[PDB]
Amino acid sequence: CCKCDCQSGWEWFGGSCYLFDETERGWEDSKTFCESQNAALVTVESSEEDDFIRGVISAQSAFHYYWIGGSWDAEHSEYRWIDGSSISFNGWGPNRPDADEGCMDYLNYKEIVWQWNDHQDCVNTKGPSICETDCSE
């Protein structure tokens, strides 16, 4: 994405446009929604990107978690980004992931300060989400 290419309401960082969408949806419905926007739930490859995201979500206080594009990959038996890639950057909150078979969020609660948490209901727990696009073809 060009720096001034983003849709109204989206923000640019690091060659991508992001939507911090405040409509509350289950994780799977958030994944679907980002797809509908020619995007995908955000994947966090670098500490630089992590900082950017934290900068936006920490500046509000209506929401305490946002869905992101990571989840349990059964074949690999670990958490992976939804493009299938390994989670190279460790943005997990302390003693997270707590359990297998979940989906990921940024969470702000107690010891987890806008860091990743694993939630085991990927369908019926409704929260805001973060979509990322790189504007390719």
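Start at 1 with the first residue shown and count on from there.
**Q** Taking only the CA atoms, which stretch has the higher mean B-factor in the record, 12-20 or 120-128?
**A** Mean B over CA atoms: larger for 120-128.
**Q** Which of the two stretches, 21-29 or 109-117, shows the higher mean Cα temperature factor in the record?
**A** On average, C-alpha B-factors are higher across 109-117.
**Q** Hey, out of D73, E35, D50, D100, whose CA B-factor is highest in the deposited coordinates?
**A** It is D100.
**Q** Quiz for you: based on the deposited Cα B-factor, which of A59, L41, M104, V44 is highest?
**A** Max CA B-factor in the entry, restricted to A59, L41, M104, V44: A59.
**Q** Based on the entry's values, in what third of the chain does the Cα temperature factor of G69 lie: lowest, middle or highest?
**A** As the PDB entry reports it, the C-alpha B-factor of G69 lands in the lowest third of its chain.
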